[PDB]
Amino acid sequence: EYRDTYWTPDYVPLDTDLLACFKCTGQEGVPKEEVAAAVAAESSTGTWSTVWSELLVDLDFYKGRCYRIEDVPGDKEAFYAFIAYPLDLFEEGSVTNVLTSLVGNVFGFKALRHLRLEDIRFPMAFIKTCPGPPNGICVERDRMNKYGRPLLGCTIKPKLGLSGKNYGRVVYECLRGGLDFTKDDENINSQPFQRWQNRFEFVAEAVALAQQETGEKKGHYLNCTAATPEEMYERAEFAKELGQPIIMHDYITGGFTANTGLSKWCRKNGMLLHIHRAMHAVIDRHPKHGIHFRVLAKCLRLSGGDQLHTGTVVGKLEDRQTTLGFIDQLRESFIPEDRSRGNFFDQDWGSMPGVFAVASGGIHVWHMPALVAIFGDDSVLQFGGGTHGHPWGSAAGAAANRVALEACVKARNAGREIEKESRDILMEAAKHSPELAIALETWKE
Amino acid sequence: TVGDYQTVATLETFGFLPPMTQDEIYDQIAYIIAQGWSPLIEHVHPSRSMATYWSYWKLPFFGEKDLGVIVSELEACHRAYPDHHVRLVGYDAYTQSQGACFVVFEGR
Amino acid sequence: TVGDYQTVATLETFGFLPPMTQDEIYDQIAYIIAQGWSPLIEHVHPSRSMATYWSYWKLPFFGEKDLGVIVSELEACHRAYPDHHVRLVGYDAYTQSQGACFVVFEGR
Ligand SMILES: O=C(O)[C@@](O)(COP(=O)(O)O)[C@H](O)[C@H](O)COP(=O)(O)O
Ligand SMILES: [Mg+2]
């Protein structure tokens with residue numbers, strides 16, 4: 001027991017292996033090969049002890065090995081440890097198992113002061129066992145008939161207080177004014193002041209009465225997060241019986257077991273799934289501890305869900321290169337290796353559909369040319385007060401964003417620089433709309 | 001009256017903006033072609049506007065690199081059907097999706 | 001003919017009584033305000049009369065203590081929509097309910 005039986009510098013990973021990257025720094029004095037070897041051991045076999053039983057098995061086959069050590073640029077005591085795991089260690093189509101194995105124990109191990117899971121390469125043999133998105137980008141655009149432009153959303157406020165009927169009152173106003181989605185807030189489950197069978201039924205009327213008046217398909221992500229899985233399926237089946245197209249779930253707080261059961265219920269029943277990344281900043285935020293959100297985005301694309309919050313837009317989450325890095329991984333089918341965007345591995349998804357990139361949290365009308373240049377067309381833009389905060393109401397507010405979005409698209413197509421000519425793509429649009437002309441005066445500038 | 005917003009019936013994309021000039025159609029068509037997509041013209045009676053399949057005209061312009069033909073194939077569909085919407089589409093063969101979809105003529 | 005009662009189509013409250021005088025609207029509005037409720041004006045086409053949501057005008061008068069403004073905001077909704085019902089509502093914020101709900105103008 002001293003390791004360097006897990007430090008294989010000559011090994012060439014198979015195409016069936018599951019690779020991983022760790023940004024690590026260990027105790028003072030111990031060489032890097034030993035401390036990365038300890039990460040190799042404690043995340044697979046966590047050994048060698050001395051037992052009679054550990055000789056009943058060929059343990060050189062199930063061992064995880066560290067084949068490369070690289071230095072973090074800009075830091076000295078840290079390093080990158082690339083570790084390879086055999087495909088036999090994991091259950092097929094189980095993402096609850098792949099994290100329980102990797103991050104289940106190594107984070108408590110004592111010799112490491114700092115450890116961060118940065119990336120994972122999944123092999124094509126593992127990807128094909130997982131369910132994946134229930135629909136994807138190209139199937140959602142088919143079912144909703146929305147082409148050539150990003151989608152628009154709003155989150156109903158006040159979060160706390162509205163009855164089932166006043167809720168549907170405010171849902172009806174934002175939809176009938178230009179948006180195509182509204183959102184249940186993450187808190188809204190089934191509170192005493194608004195039970196869920198009363199919210200579900202009055203929203204179903206506000207959606208169906210705005211779909212007919214505008215002549216466009218509209219929706220509202222109803223929150224089917226619950227305390228039990230029997231309760232979650234019950235809300236999902238209520239929502240499908242009311243004829244609704246889309247629902248919502250919280251995968252970090254409700255768990256991957258529930259998220260994957262819901263994601264495969266949506267394929268047999270033809271529903272869409274919107275995912276909220278609640279309690280992500282507890283894990284992902286600090287730059288030396290925990291998991292990067294990139295890895296929790298890959299696990300989400302593997303488990304299910306057609307849209308995922310990426311946020312956060314004030315004025316954005318901020319670098320842009322890191323964000324554009326895992327937006328590629330949510331959407332593309334093959335992603336090369338680029339260190340600037342923090343992709344440590346070449347990742348191939350084959351034919352697995354992409355996931356919509358939802359931008360959120362505090363957008364206003366002057367942010368459109370920067371959110372169309374950065375995110376592209378396979379994005380959803382969700383404001384909370386951008387729609388509701390308009391001096392004339394919630395329908396005149398939605399009518400101002402839908403005019404400023406379609407003016408930024410049609411100027412991107414025609415070869416103009418949207419993120420650079422933003423003021424004449426907007427002031428020349430307000431000449432033909434008094435709803436936007438007053439919105440540009442409020443949220444100046 | 002201000003501010004009393006009235007719900008308006010629209011098509012979908014570019015519906016909230018005024019009708020496009022001839023010069024705007026040029027640049028949208030040029031963008032559609034420069035992405036490598038295939039143009040495609042449709043039309044319906046404005047009452048059947050929410051059908052899942054409109055009506056072709058005539059076949060998608062597979063591998064057409066000239067926008068001076070599509071601006072003349074749009075007045076033909078319009079003159080032949082002067083009470084129809086005239087849509088303009090951009091077929092993407094690798095993704096099996098549509099990169100563009102906006103009504104050009106509204107239906108006299 | 002007596003006594004042959006004919007079923008009549010009504011709205012709901014105060015529907016069986018004759019249309020209200022201007023002075024009656026004063027006292028109902030004054031009662032609505034004196035309970036602490038918020039006035040709210042709606043209208044629909046008399047055919048869409050059984051919709052669950054009518055149409056606002058323009059925003060609920062949150063914290064308005066003057067009934068000389070609401071009697072003038074009722075002729076505005078009527079003149080702007082001379083073929084609509086004009087309802088008068090009283091929003092209760094603590095109970096999340098409506099303490100009043102009666103049609104004022106019937107739709108010319
Ligand atoms: O802080 C702001 O600027 C807003 O309140 C908008 O103000 P205005 O209403 O004055 O525009 C943001 O919408 C919310 O903070 C979060 O967004 P949301 O609630 O949409 O998720
Ligand atoms: Mg902002």
# chains A, B, ... in the order shown; residues from 1 in each chain; ligands from 1
>>> residues_near_ligand(ligand="ligand 2", cutoff="7 Å", atoms="only C-alpha atoms and all ligand atoms", output="ChimeraX atom specification")
/A:313-315,362-364,367
>>> closest_atom_pairs(of="chain C", to="chain B", cutoff="9 Å", atoms="only C-alpha atoms", output="Markdown table")
| residue | atom | partner | partner_atom | distance |
| --- | --- | --- | --- | --- |
| C:56 | CA | B:4 | CA | 8.6 |
| C:57 | CA | B:4 | CA | 7.0 |
| C:58 | CA | B:4 | CA | 6.3 |
| C:80 | CA | B:1 | CA | 8.2 |
>>> residues_near_ligand(ligand="ligand 1", cutoff="10 Å", atoms="only C-alpha atoms and all ligand atoms", output="NGL selection string")
:A and (153-159 or 183 or 185 or 312-314 or 360-365 or 381-391 or 397 or 439 or 442-443)
>>> write_last_selection(atoms="N, CA and C atoms", output="JSON list (two decimals), in the first residue's frame")
[["chain", "number", "residue", "atom", "x", "y", "z"],
["A", 153, "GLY", "N", -39.93, 33.62, -23.30],
["A", 153, "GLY", "CA", -40.66, 33.16, -22.14],
["A", 153, "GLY", "C", -40.75, 34.23, -21.07],
["A", 154, "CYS", "N", -41.59, 33.96, -20.08],
["A", 154, "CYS", "CA", -41.75, 34.82, -18.91],
["A", 154, "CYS", "C", -42.03, 33.96, -17.69],
["A", 155, "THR", "N", -41.62, 34.45, -16.53],
["A", 155, "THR", "CA", -41.87, 33.77, -15.27],
["A", 155, "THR", "C", -42.87, 34.60, -14.48],
["A", 156, "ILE", "N", -43.99, 33.98, -14.10],
["A", 156, "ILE", "CA", -45.10, 34.71, -13.51],
["A", 156, "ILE", "C", -44.72, 35.19, -12.11],
["A", 157, "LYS", "N", -45.02, 36.46, -11.83],
["A", 157, "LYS", "CA", -44.78, 37.07, -10.53],
["A", 157, "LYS", "C", -46.03, 37.83, -10.10],
["A", 158, "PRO", "N", -46.31, 37.92, -8.79],
["A", 158, "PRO", "CA", -45.61, 37.42, -7.60],
["A", 158, "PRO", "C", -45.57, 35.91, -7.50],
["A", 159, "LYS", "N", -44.42, 35.41, -7.08],
["A", 159, "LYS", "CA", -44.27, 33.98, -6.86],
["A", 159, "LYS", "C", -45.20, 33.49, -5.77],
["A", 183, "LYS", "N", -43.77, 30.41, -17.31],
["A", 183, "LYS", "CA", -43.08, 29.50, -16.41],
["A", 183, "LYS", "C", -43.72, 29.55, -15.03],
["A", 185, "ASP", "N", -42.80, 29.27, -11.24],
["A", 185, "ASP", "CA", -41.57, 29.42, -10.49],
["A", 185, "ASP", "C", -41.24, 28.12, -9.75],
["A", 312, "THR", "N", -27.22, 33.72, -16.98],
["A", 312, "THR", "CA", -28.09, 34.19, -15.91],
["A", 312, "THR", "C", -28.32, 35.69, -16.12],
["A", 313, "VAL", "N", -27.52, 36.26, -17.01],
["A", 313, "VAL", "CA", -27.78, 37.53, -17.68],
["A", 313, "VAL", "C", -28.04, 38.69, -16.73],
["A", 314, "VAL", "N", -27.03, 39.07, -15.94],
["A", 314, "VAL", "CA", -26.95, 40.43, -15.42],
["A", 314, "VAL", "C", -25.46, 40.76, -15.31],
["A", 360, "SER", "N", -31.65, 33.50, -18.84],
["A", 360, "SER", "CA", -32.67, 33.92, -17.89],
["A", 360, "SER", "C", -32.22, 35.08, -17.00],
["A", 361, "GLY", "N", -33.09, 35.47, -16.08],
["A", 361, "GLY", "CA", -32.73, 36.34, -14.97],
["A", 361, "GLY", "C", -32.33, 37.77, -15.27],
["A", 362, "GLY", "N", -33.31, 38.64, -15.48],
["A", 362, "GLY", "CA", -33.04, 40.07, -15.52],
["A", 362, "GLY", "C", -32.71, 40.65, -16.88],
["A", 363, "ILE", "N", -33.21, 40.05, -17.96],
["A", 363, "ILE", "CA", -33.00, 40.64, -19.28],
["A", 363, "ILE", "C", -33.95, 41.82, -19.47],
["A", 364, "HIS", "N", -33.48, 42.82, -20.21],
["A", 364, "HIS", "CA", -34.35, 43.91, -20.62],
["A", 364, "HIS", "C", -34.04, 44.23, -22.08],
["A", 365, "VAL", "N", -34.77, 45.18, -22.64],
["A", 365, "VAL", "CA", -34.89, 45.34, -24.09],
["A", 365, "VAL", "C", -33.55, 45.70, -24.73],
["A", 381, "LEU", "N", -35.28, 32.73, -24.25],
["A", 381, "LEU", "CA", -35.00, 33.90, -23.42],
["A", 381, "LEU", "C", -36.17, 34.12, -22.49],
["A", 382, "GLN", "N", -35.92, 34.08, -21.19],
["A", 382, "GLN", "CA", -36.97, 34.09, -20.18],
["A", 382, "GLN", "C", -36.76, 35.29, -19.26],
["A", 383, "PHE", "N", -37.61, 36.31, -19.37],
["A", 383, "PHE", "CA", -37.51, 37.38, -18.38],
["A", 383, "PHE", "C", -38.57, 37.20, -17.30],
["A", 384, "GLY", "N", -38.28, 37.72, -16.12],
["A", 384, "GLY", "CA", -39.26, 37.74, -15.06],
["A", 384, "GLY", "C", -40.01, 39.06, -14.99],
["A", 385, "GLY", "N", -39.28, 40.17, -14.99],
["A", 385, "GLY", "CA", -39.87, 41.49, -14.97],
["A", 385, "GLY", "C", -39.73, 42.25, -16.26],
["A", 386, "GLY", "N", -39.05, 41.68, -17.26],
["A", 386, "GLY", "CA", -38.94, 42.35, -18.54],
["A", 386, "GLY", "C", -40.29, 42.49, -19.22],
["A", 387, "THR", "N", -41.14, 41.47, -19.09],
["A", 387, "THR", "CA", -42.49, 41.56, -19.64],
["A", 387, "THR", "C", -43.40, 42.34, -18.70],
["A", 388, "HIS", "N", -43.49, 41.90, -17.44],
["A", 388, "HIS", "CA", -44.41, 42.50, -16.49],
["A", 388, "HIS", "C", -44.08, 43.94, -16.12],
["A", 389, "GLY", "N", -42.82, 44.36, -16.24],
["A", 389, "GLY", "CA", -42.41, 45.66, -15.76],
["A", 389, "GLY", "C", -42.69, 46.83, -16.67],
["A", 390, "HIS", "N", -43.63, 46.69, -17.59],
["A", 390, "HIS", "CA", -43.90, 47.75, -18.55],
["A", 390, "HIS", "C", -45.02, 48.65, -18.04],
["A", 391, "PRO", "N", -44.86, 49.97, -18.18],
["A", 391, "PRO", "CA", -45.85, 50.91, -17.63],
["A", 391, "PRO", "C", -47.30, 50.63, -18.02],
["A", 397, "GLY", "N", -46.07, 44.77, -22.43],
["A", 397, "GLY", "CA", -44.67, 44.46, -22.18],
["A", 397, "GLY", "C", -44.16, 43.36, -23.07],
["A", 439, "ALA", "N", -41.02, 51.48, -24.08],
["A", 439, "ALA", "CA", -40.14, 50.59, -23.34],
["A", 439, "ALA", "C", -38.70, 51.04, -23.41],
["A", 442, "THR", "N", -38.06, 53.72, -20.63],
["A", 442, "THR", "CA", -37.98, 53.28, -19.25],
["A", 442, "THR", "C", -36.61, 52.69, -18.94],
["A", 443, "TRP", "N", -36.32, 51.52, -19.51],
["A", 443, "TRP", "CA", -35.08, 50.80, -19.21],
["A", 443, "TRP", "C", -33.94, 51.43, -20.01]]
>>> select_by_dssp(residues="region 186-233 of chain A", states="helix (DSSP H, G or I)", output="list in words")
residues 196, 197, 198, 199, 200, 201, 202, 203, 204, 205, 206, 207, 208, 209, 210, 211, 212, 213, 214, 229, 230, 231, 232 and 233 of chain A
>>> interface_residues(of="chain A", to="chain C", cutoff="10 Å", atoms="only C-alpha atoms", output="number ranges by chain")
A: 161-166, 168-169, 172-173, 193, 202, 205-206, 209, 392-393
>>> residues_around(residues="region 406-421 of chain A", least_positions_apart="2", cutoff="8 Å", atoms="only C-alpha atoms", output="VMD selection string")
(chain A and resid 149 368 to 370 372 to 373 402 to 404 423 to 426 429) or (chain B and resid 13 to 14 16 to 17 27 to 28 31)
>>> atom_distance(atom1="CA of residue 23 (chain C)", atom2="CA of residue 46 (chain C)")
25.1 Å
